[PDB]
Structure formats: structure tokens, C-alpha cells
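Visitor: Quick one, structure-v8.pdb (PDB, C-alpha atoms):
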```pdb
ATOM      1  CA  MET A   1       1.683   8.500  14.626
ATOM      2  CA  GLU A   2      -1.201   6.368  13.137
ATOM      3  CA  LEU A   3      -2.214   2.608  13.343
ATOM      4  CA  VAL A   4      -0.435  -0.839  13.090
ATOM      5  CA  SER A   5      -2.144  -4.245  12.132
ATOM      6  CA  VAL A   6      -1.462  -7.423  14.406
ATOM      7  CA  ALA A   7      -2.776 -10.881  13.022
ATOM      8  CA  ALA A   8      -1.458 -14.522  13.506
ATOM      9  CA  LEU A   9      -1.527 -17.118  10.555
ATOM     10  CA  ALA A  10      -0.218 -20.425   8.862
ATOM     11  CA  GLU A  11      -0.569 -22.278   5.376
ATOM     12  CA  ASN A  12      -2.415 -20.294   2.604
ATOM     13  CA  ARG A  13      -1.944 -17.266   5.068
ATOM     14  CA  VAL A  14      -5.100 -18.342   7.126
ATOM     15  CA  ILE A  15      -5.991 -15.839  10.027
ATOM     16  CA  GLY A  16      -8.477 -18.409  11.526
ATOM     17  CA  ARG A  17     -11.613 -20.600  11.526
ATOM     18  CA  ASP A  18     -13.993 -19.319  14.365
ATOM     19  CA  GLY A  19     -12.898 -15.591  14.962
ATOM     20  CA  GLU A  20      -9.286 -14.281  15.115
ATOM     21  CA  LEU A  21      -7.337 -17.663  15.366
ATOM     22  CA  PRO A  22      -8.009 -21.597  15.505
ATOM     23  CA  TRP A  23      -5.523 -22.382  18.371
ATOM     24  CA  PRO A  24      -6.792 -20.980  21.873
ATOM     25  CA  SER A  25      -3.850 -18.479  22.423
ATOM     26  CA  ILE A  26      -0.181 -19.250  23.439
ATOM     27  CA  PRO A  27       1.454 -16.933  26.237
ATOM     28  CA  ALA A  28       3.758 -15.223  23.589
ATOM     29  CA  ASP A  29       0.561 -14.317  21.474
ATOM     30  CA  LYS A  30      -1.409 -12.836  24.514
ATOM     31  CA  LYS A  31       1.898 -11.134  25.930
ATOM     32  CA  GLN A  32       3.073  -9.630  22.491
ATOM     33  CA  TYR A  33      -0.608  -8.529  21.774
ATOM     34  CA  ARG A  34      -0.760  -6.969  25.416
ATOM     35  CA  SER A  35       2.691  -5.074  25.283
ATOM     36  CA  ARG A  36       1.634  -3.975  21.719
ATOM     37  CA  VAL A  37      -2.232  -3.343  22.011
ATOM     38  CA  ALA A  38      -3.304  -3.248  25.821
ATOM     39  CA  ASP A  39      -2.492   0.513  26.311
ATOM     40  CA  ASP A  40      -3.403   1.355  22.550
ATOM     41  CA  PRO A  41      -6.948   1.312  20.682
ATOM     42  CA  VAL A  42      -7.645  -1.585  18.152
ATOM     43  CA  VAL A  43      -9.501  -1.420  14.684
ATOM     44  CA  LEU A  44     -11.132  -4.861  13.782
ATOM     45  CA  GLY A  45     -13.909  -6.881  11.900
ATOM     46  CA  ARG A  46     -17.066  -8.913  12.785
ATOM     47  CA  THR A  47     -14.960 -12.219  12.353
ATOM     48  CA  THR A  48     -12.396 -10.983  15.075
ATOM     49  CA  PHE A  49     -15.064  -8.942  17.186
ATOM     50  CA  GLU A  50     -17.737 -11.796  17.489
ATOM     51  CA  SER A  51     -14.803 -13.471  19.347
ATOM     52  CA  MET A  52     -13.553 -10.255  21.327
ATOM     53  CA  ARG A  53     -17.052  -9.751  22.864
ATOM     54  CA  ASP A  54     -15.498 -12.339  25.358
ATOM     55  CA  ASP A  55     -11.676 -11.139  25.513
ATOM     56  CA  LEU A  56     -11.264  -7.256  24.975
ATOM     57  CA  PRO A  57      -7.895  -5.729  23.449
ATOM     58  CA  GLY A  58      -6.850  -2.192  24.732
ATOM     59  CA  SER A  59      -8.214   1.281  25.674
ATOM     60  CA  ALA A  60     -10.801   0.967  22.781
ATOM     61  CA  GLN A  61     -12.339  -1.669  20.361
ATOM     62  CA  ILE A  62     -13.285  -0.206  16.875
ATOM     63  CA  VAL A  63     -15.305  -2.173  14.154
ATOM     64  CA  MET A  64     -14.733  -1.216  10.441
ATOM     65  CA  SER A  65     -18.259  -2.065   9.095
ATOM     66  CA  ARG A  66     -21.672  -0.311   8.515
ATOM     67  CA  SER A  67     -23.579  -1.606  11.688
ATOM     68  CA  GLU A  68     -25.711   0.614  14.136
ATOM     69  CA  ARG A  69     -22.866   0.986  16.859
ATOM     70  CA  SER A  70     -23.292  -0.267  20.599
ATOM     71  CA  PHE A  71     -21.747  -3.795  21.245
ATOM     72  CA  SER A  72     -20.810  -5.163  24.847
ATOM     73  CA  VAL A  73     -17.996  -3.269  26.843
ATOM     74  CA  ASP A  74     -17.989   0.613  27.355
ATOM     75  CA  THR A  75     -14.463   0.674  25.602
ATOM     76  CA  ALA A  76     -16.238  -0.676  22.324
ATOM     77  CA  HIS A  77     -17.311   1.536  19.403
ATOM     78  CA  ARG A  78     -17.826   1.496  15.489
ATOM     79  CA  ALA A  79     -15.888   3.041  12.489
ATOM     80  CA  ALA A  80     -17.522   3.661   9.041
ATOM     81  CA  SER A  81     -14.093   4.306   7.190
ATOM     82  CA  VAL A  82     -10.241   4.553   7.933
ATOM     83  CA  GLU A  83     -10.800   8.370   8.533
ATOM     84  CA  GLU A  84     -13.697   7.434  11.067
ATOM     85  CA  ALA A  85     -11.394   4.694  12.695
ATOM     86  CA  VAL A  86      -8.439   7.217  13.177
ATOM     87  CA  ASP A  87     -10.867  10.132  14.292
ATOM     88  CA  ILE A  88     -12.575   7.800  16.966
ATOM     89  CA  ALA A  89      -9.108   6.468  18.306
ATOM     90  CA  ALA A  90      -7.678  10.093  18.556
ATOM     91  CA  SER A  91     -11.059  11.291  20.171
ATOM     92  CA  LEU A  92     -10.715   8.863  23.239
ATOM     93  CA  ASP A  93      -6.927   9.434  24.194
ATOM     94  CA  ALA A  94      -4.060   7.888  21.959
ATOM     95  CA  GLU A  95      -0.841   8.675  19.888
ATOM     96  CA  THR A  96      -0.769   5.197  18.073
ATOM     97  CA  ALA A  97      -3.550   2.585  17.519
ATOM     98  CA  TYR A  98      -3.476  -1.163  16.395
ATOM     99  CA  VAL A  99      -5.686  -3.637  14.296
ATOM    100  CA  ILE A 100      -6.292  -7.501  14.991
ATOM    101  CA  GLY A 101      -7.841  -7.863  11.496
ATOM    102  CA  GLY A 102      -9.264  -9.216   8.937
ATOM    103  CA  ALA A 103     -11.382 -10.914   6.245
ATOM    104  CA  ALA A 104     -12.070  -7.240   5.166
ATOM    105  CA  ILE A 105      -9.747  -5.265   7.678
ATOM    106  CA  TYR A 106      -6.085  -6.067   6.657
ATOM    107  CA  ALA A 107      -7.387  -6.118   2.939
ATOM    108  CA  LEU A 108      -8.854  -2.493   3.278
ATOM    109  CA  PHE A 109      -6.124  -1.081   5.727
ATOM    110  CA  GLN A 110      -2.916  -2.341   3.819
ATOM    111  CA  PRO A 111      -2.121   1.203   2.140
ATOM    112  CA  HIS A 112      -3.274   3.215   5.312
ATOM    113  CA  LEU A 113      -1.116   1.480   8.130
ATOM    114  CA  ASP A 114       1.924   2.936   9.955
ATOM    115  CA  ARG A 115       3.200  -0.790  10.136
ATOM    116  CA  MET A 116       1.972  -4.414   9.280
ATOM    117  CA  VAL A 117       2.863  -6.489  12.497
ATOM    118  CA  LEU A 118       2.216 -10.277  11.844
ATOM    119  CA  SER A 119       2.725 -13.665  13.666
ATOM    120  CA  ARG A 120       3.884 -16.704  11.468
ATOM    121  CA  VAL A 121       2.308 -19.814  13.249
ATOM    122  CA  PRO A 122       2.934 -23.485  11.831
ATOM    123  CA  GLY A 123       0.492 -26.550  11.802
ATOM    124  CA  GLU A 124      -1.089 -26.080   8.260
ATOM    125  CA  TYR A 125      -4.899 -25.203   7.911
ATOM    126  CA  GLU A 126      -7.964 -25.831   5.549
ATOM    127  CA  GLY A 127      -9.115 -22.369   4.093
ATOM    128  CA  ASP A 128     -11.651 -20.213   6.053
ATOM    129  CA  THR A 129     -10.422 -16.590   6.983
ATOM    130  CA  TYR A 130      -7.676 -15.219   4.533
ATOM    131  CA  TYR A 131      -4.817 -12.594   4.916
ATOM    132  CA  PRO A 132      -3.521 -10.208   1.994
ATOM    133  CA  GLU A 133      -0.201 -10.569   0.046
ATOM    134  CA  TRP A 134       3.116  -8.785   1.109
ATOM    135  CA  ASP A 135       5.296  -6.688  -1.357
ATOM    136  CA  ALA A 136       8.731  -4.818  -1.470
ATOM    137  CA  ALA A 137       8.079  -1.115  -2.550
ATOM    138  CA  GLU A 138       4.734  -0.747  -0.535
ATOM    139  CA  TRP A 139       6.334  -2.002   2.859
ATOM    140  CA  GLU A 140       9.918  -3.000   4.105
ATOM    141  CA  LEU A 141      10.872  -5.275   7.177
ATOM    142  CA  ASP A 142      11.026  -3.290  10.568
ATOM    143  CA  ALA A 143      11.793  -6.370  12.901
ATOM    144  CA  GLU A 144      11.930 -10.280  12.556
ATOM    145  CA  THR A 145      12.060 -12.373  15.893
ATOM    146  CA  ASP A 146      11.267 -15.953  17.266
ATOM    147  CA  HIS A 147       8.232 -16.442  19.730
ATOM    148  CA  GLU A 148       6.512 -19.395  21.665
ATOM    149  CA  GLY A 149       4.641 -21.426  18.877
ATOM    150  CA  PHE A 150       5.319 -18.859  15.986
ATOM    151  CA  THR A 151       7.665 -16.156  14.387
ATOM    152  CA  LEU A 152       6.925 -12.400  15.147
ATOM    153  CA  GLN A 153       7.210 -10.175  12.014
ATOM    154  CA  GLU A 154       7.038  -6.248  12.043
ATOM    155  CA  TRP A 155       6.630  -4.620   8.489
ATOM    156  CA  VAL A 156       7.136  -0.691   8.063
ATOM    157  CA  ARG A 157       5.706   1.459   5.097
ATOM    158  CA  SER A 158       8.256   2.793   2.445
ATOM    159  CA  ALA A 159      10.973   5.123   4.048
ATOM    160  CA  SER A 160      12.854   7.880   1.984
ATOM    161  CA  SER A 161      16.760   7.804   2.121
ATOM    162  CA  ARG A 162      18.332   8.838  -1.315
TER     163      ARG A 162
END
```
Is it possible to express this structure as C-alpha cells?
Guide:
Amino acid sequence: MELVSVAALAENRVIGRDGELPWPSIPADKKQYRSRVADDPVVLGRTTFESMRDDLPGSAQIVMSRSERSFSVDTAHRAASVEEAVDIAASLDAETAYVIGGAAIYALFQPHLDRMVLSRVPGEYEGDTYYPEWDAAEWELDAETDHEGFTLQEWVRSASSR
């Protein structure tokens, strides 16, 4: 298919403070992220990647920026656009990819995703890394379910019926 974005967030829709997220990681976060993204390649920022230099996601780790390439693991690589992020994920070996995302990533990828997977986590936070708005004719609800610490949320792009 193509690629699906996977971020976790609270009040003001805050992604996190240090990198991806300000809590360390609950077992439902690192198990839903690993049965979603551990086989599949992930497209992500310098906020989320300056973290994932320690913990890596799946079969590759793509950065949407304009840096020189070459980062830390051999499964870690750099996209210049959405077209360069999809062409590098399909060049390694994959049908779908994912996205942790982003200060810029979810805000640039929103029209180009297969799905917007999200994680609704309580506790209420100050205002550092921000997520985009959600609509009704751009994307519908694929799945809503309860998880350990949060609510899982799967959004699908607009499907034709009548």
C-alpha cells in the first residue's frame, strides 16, 4: 500500500518534551509500536530520531529533513521529500511503511498517509512538541480501542461508497 503515522499525545495534542514522548514507554506503547512498526520501515523527524539513535523502530529508519545522510545503525537512512521517503522504503524490502512523527512530519505527511494511527495518553502537559488537527472529509475512523495508560486510535483516508 503506502505509509501510516504512529504518535502518542495528551492536552493541547502534545507529542512530547525531549524526543517522541515525555513518559519512558508503557508495555502497550512498545508492543502496539512493535506489532505495527517492527517488521515495517518508519519515516520520522530530528525531534523523534535524536531519541531513536538509542531505541531503533523496524526494518528501516527514514528522516524527512535536508541533512547529509549517515546516522548510527545500518537500518538508518534519510528522505528529502514524501516521494524520496516512499522510494527509499520500497527500495529496501516493504509493502507498507509507518511514521513516529512529528514537529514537521505529521504536519507535512497528513494528505499523503494511507492511515493516521494515534495514541490518546492522559496526564496534561505544558507545550513543547505539537500534533496537527483531525477532520471529517480528509480522514474517517478505521479502529478505536483501549490500551495500558492510553486509548489507541486508527484513522483511514476518505473511502468511496455512493
Visitor: Selection in question (the file shown): the PyMOL selection byres ((chain A and resi 151) around 12). Which residues does it include, as a JSON list (two decimals) with C-alpha atoms, in the coordinates of the input?
Guide:
```json
[["chain", "number", "residue", "atom", "x", "y", "z"],
["A", 7, "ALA", "CA", -2.78, -10.88, 13.02],
["A", 8, "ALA", "CA", -1.46, -14.52, 13.51],
["A", 9, "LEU", "CA", -1.53, -17.12, 10.56],
["A", 10, "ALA", "CA", -0.22, -20.42, 8.86],
["A", 28, "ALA", "CA", 3.76, -15.22, 23.59],
["A", 29, "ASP", "CA", 0.56, -14.32, 21.47],
["A", 32, "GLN", "CA", 3.07, -9.63, 22.49],
["A", 117, "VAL", "CA", 2.86, -6.49, 12.50],
["A", 118, "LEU", "CA", 2.22, -10.28, 11.84],
["A", 119, "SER", "CA", 2.72, -13.66, 13.67],
["A", 120, "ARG", "CA", 3.88, -16.70, 11.47],
["A", 121, "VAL", "CA", 2.31, -19.81, 13.25],
["A", 122, "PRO", "CA", 2.93, -23.48, 11.83],
["A", 143, "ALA", "CA", 11.79, -6.37, 12.90],
["A", 144, "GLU", "CA", 11.93, -10.28, 12.56],
["A", 145, "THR", "CA", 12.06, -12.37, 15.89],
["A", 146, "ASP", "CA", 11.27, -15.95, 17.27],
["A", 147, "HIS", "CA", 8.23, -16.44, 19.73],
["A", 148, "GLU", "CA", 6.51, -19.40, 21.66],
["A", 149, "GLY", "CA", 4.64, -21.43, 18.88],
["A", 150, "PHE", "CA", 5.32, -18.86, 15.99],
["A", 152, "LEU", "CA", 6.92, -12.40, 15.15],
["A", 153, "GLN", "CA", 7.21, -10.18, 12.01],
["A", 154, "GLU", "CA", 7.04, -6.25, 12.04]]
```
Visitor: Can you tell me, as a list in words, what residues are no more than 12 Å from residue 37 in chain A when counting all atoms listed in the file, ignoring any on the same chain fewer than 4 positions away?
Guide: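 Close residues of residue 37 in chain A: residues 3, 4, 5, 6, 7, 29, 30, 31, 32, 33, 41, 42, 43, 56, 57, 58, 59, 60, 61, 94, 96, 97, 98, 99, 100 and 117 of chain A.
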Visitor: Just give me the gap between CA of residue 47 in chain A and CA of residue 142 in chain A in Å, one decimal is fine.
Guide: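 Calculated distance between CA of residue 47 in chain A and CA of residue 142 in chain A is 27.5 Å.
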Visitor: What would the list of residues within 12 Å of (-8.4, -5.2, 2.4) (file frame) look like as a PyMOL selection string, if all atoms listed in the file are what count?
Guide: chain A and resi 5+44-45+64+82+101-113+130-133
Visitor: Centre and edge lengths of an axis-aligned box around all listed atoms of range 118-134 of chain A, with 4 Å added on each side, are to be given in Å to one decimal, as lines of an AutoDock Vina configuration file.
Guide:
```
center_x = -3.9
center_y = -17.7
center_z = 6.9
size_x = 23.5
size_y = 25.8
size_z = 21.6
```
Visitor: Can you list, as a short mmCIF file (atom, residue, chain, number, x, y, z; two decimals) with C-alpha atoms, keeping the file's coordinate frame, the residues that the PyMOL selection byres ((chain A and resi 19) around 8) selects here?
Guide:
```
data_model
loop_
_atom_site.label_atom_id
_atom_site.label_comp_id
_atom_site.auth_asym_id
_atom_site.auth_seq_id
_atom_site.Cartn_x
_atom_site.Cartn_y
_atom_site.Cartn_z
CA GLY A 16 -8.48 -18.41 11.53
CA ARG A 17 -11.61 -20.60 11.53
CA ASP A 18 -13.99 -19.32 14.36
CA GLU A 20 -9.29 -14.28 15.12
CA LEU A 21 -7.34 -17.66 15.37
CA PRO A 22 -8.01 -21.60 15.50
CA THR A 47 -14.96 -12.22 12.35
CA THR A 48 -12.40 -10.98 15.08
CA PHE A 49 -15.06 -8.94 17.19
CA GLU A 50 -17.74 -11.80 17.49
CA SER A 51 -14.80 -13.47 19.35
#
```
Visitor: Under the PyMOL selection byres ((chain A and resi 138) around 7), which residues of this model are included? Write them out as a PyMOL selection string.
Guide: chain A and resi 135-137+139+157-158
Visitor: Where atoms are missing, can you supply N, CA, C and O atoms for range 47-63 of chain A and output the lot as a CSV table (one decimal), keeping the file's coordinate frame?
Guide:
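Once everything was written out, this is rebuild_15.csv:
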```csv
chain,number,residue,atom,x,y,z
A,47,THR,N,-15.7,-11.0,12.1
A,47,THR,CA,-15.0,-12.2,12.4
A,47,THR,C,-14.2,-12.2,13.7
A,47,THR,O,-14.6,-12.8,14.7
A,48,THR,N,-13.1,-11.3,13.8
A,48,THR,CA,-12.4,-11.0,15.1
A,48,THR,C,-13.2,-10.4,16.3
A,48,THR,O,-13.0,-10.7,17.4
A,49,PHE,N,-14.2,-9.5,16.1
A,49,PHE,CA,-15.1,-8.9,17.2
A,49,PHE,C,-16.1,-9.9,17.8
A,49,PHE,O,-16.4,-9.8,19.0
A,50,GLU,N,-16.8,-10.7,17.0
A,50,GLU,CA,-17.7,-11.8,17.5
A,50,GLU,C,-17.1,-12.8,18.5
A,50,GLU,O,-17.7,-13.2,19.5
A,51,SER,N,-15.8,-13.1,18.3
A,51,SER,CA,-14.8,-13.5,19.3
A,51,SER,C,-14.6,-12.4,20.5
A,51,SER,O,-15.1,-12.6,21.6
A,52,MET,N,-13.9,-11.3,20.3
A,52,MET,CA,-13.6,-10.3,21.3
A,52,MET,C,-14.7,-9.6,22.2
A,52,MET,O,-14.4,-8.9,23.2
A,53,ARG,N,-15.9,-9.7,21.9
A,53,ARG,CA,-17.1,-9.8,22.9
A,53,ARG,C,-16.9,-10.6,24.2
A,53,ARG,O,-17.4,-10.1,25.2
A,54,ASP,N,-16.1,-11.7,24.2
A,54,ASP,CA,-15.5,-12.3,25.4
A,54,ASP,C,-14.1,-11.6,25.8
A,54,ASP,O,-14.2,-10.8,26.8
A,55,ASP,N,-13.0,-11.8,25.2
A,55,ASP,CA,-11.7,-11.1,25.5
A,55,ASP,C,-11.5,-9.7,24.8
A,55,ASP,O,-11.2,-9.7,23.6
A,56,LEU,N,-11.5,-8.6,25.6
A,56,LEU,CA,-11.3,-7.3,25.0
A,56,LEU,C,-9.7,-6.9,24.7
A,56,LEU,O,-8.9,-7.3,25.5
A,57,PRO,N,-9.3,-6.1,23.7
A,57,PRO,CA,-7.9,-5.7,23.4
A,57,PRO,C,-7.2,-4.6,24.3
A,57,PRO,O,-6.5,-5.0,25.3
A,58,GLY,N,-7.5,-3.3,24.0
A,58,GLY,CA,-6.8,-2.2,24.7
A,58,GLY,C,-7.8,-1.1,25.2
A,58,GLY,O,-9.0,-1.4,25.6
A,59,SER,N,-7.4,0.1,25.3
A,59,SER,CA,-8.2,1.3,25.7
A,59,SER,C,-9.5,1.6,24.8
A,59,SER,O,-10.4,2.2,25.3
A,60,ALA,N,-9.5,1.2,23.5
A,60,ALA,CA,-10.8,1.0,22.8
A,60,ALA,C,-10.8,-0.2,21.7
A,60,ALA,O,-9.8,-0.8,21.4
A,61,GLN,N,-12.1,-0.5,21.3
A,61,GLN,CA,-12.3,-1.7,20.4
A,61,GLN,C,-13.3,-1.2,19.2
A,61,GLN,O,-14.5,-1.1,19.3
A,62,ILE,N,-12.6,-0.8,18.1
A,62,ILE,CA,-13.3,-0.2,16.9
A,62,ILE,C,-13.7,-1.3,15.8
A,62,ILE,O,-12.9,-2.1,15.5
A,63,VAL,N,-14.9,-1.3,15.3
A,63,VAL,CA,-15.3,-2.2,14.2
A,63,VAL,C,-15.4,-1.4,12.8
A,63,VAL,O,-16.4,-0.6,12.7
```
